[PDB]
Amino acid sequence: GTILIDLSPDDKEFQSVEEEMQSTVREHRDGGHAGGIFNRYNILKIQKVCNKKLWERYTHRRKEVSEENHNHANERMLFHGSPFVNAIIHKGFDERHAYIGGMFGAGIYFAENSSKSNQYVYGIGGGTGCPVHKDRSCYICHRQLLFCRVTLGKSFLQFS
């Protein structure tokens, strides 16, 4: 039940999403090993993901969390990169989208830095890079990220 609505680059909504993508690029400690060497992106398309069932699933859980946390969902907009982006937009997030070996346990990971999520587009550590050229720093192949609405509720603070 998912449809994708293309946003015009003239739309304020496109513009604010692009700005969050671009402005949250940083340098990474791997020198670009996982995600490639870059300071900015060429945005090709931004599509709104519309699925009523998946939205109602989200809002139902959001209300449960809010009611457990003094009417505060602690909702954020965060990036997610994954080889299964096209599965997620149709079927939703579930345990198959978890990073079993992640540093904060087996769960589904999100980033404030778009460039952190970019490290996971082709798999953990960038995998073997793009399918066509086997290049984690490919400048040719199209990549996709999700910009997601995430309910944090009461969040456990783990220091680095």
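Rigid core: the largest C-alpha set superposing within 1.5 Å between the two forms. For every residue, the number given is its place in the sequence shown, counted from 1.
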**OP:** Please pick 95 to 103 or 112 to 120, whichever has its Cα atoms farther from the shown form in 9 other deposited structures of this protein after a rigid core fit.
**Re:** 95 to 103
Original post:
When the C-alpha temperature factors are averaged for each of 4 to 12 and 150 to 158, which stretch ends up with the higher value in the entry?
Top reply: 4 to 12
**OP:** Mind pulling up the entry and telling me whether 22 to 30 or 96 to 104 has the higher mean Cα temperature factor?
**Re:** 96 to 104
Original post:
Highest CA temperature factor in the entry: which of 133, 48, 116, 62?
Top reply: 133
Original post:
Should residue 37 be placed in the lowest, middle or highest third of its chain by the C-alpha B factor in the entry?
Top reply: middle
**OP:** State the tercile, meaning the lowest, middle or highest third, of residue 74 with respect to the CA B-factors recorded for its chain.
**Re:** lowest
Subject >> Cα B factor band for residue 17 (lowest, middle or highest third within the chain) >> reply: lowest
**OP:** Taking the chain's C-alpha temperature factors as the reference, tell me which third residue 111 falls into: lowest, middle or highest.
**Re:** lowest
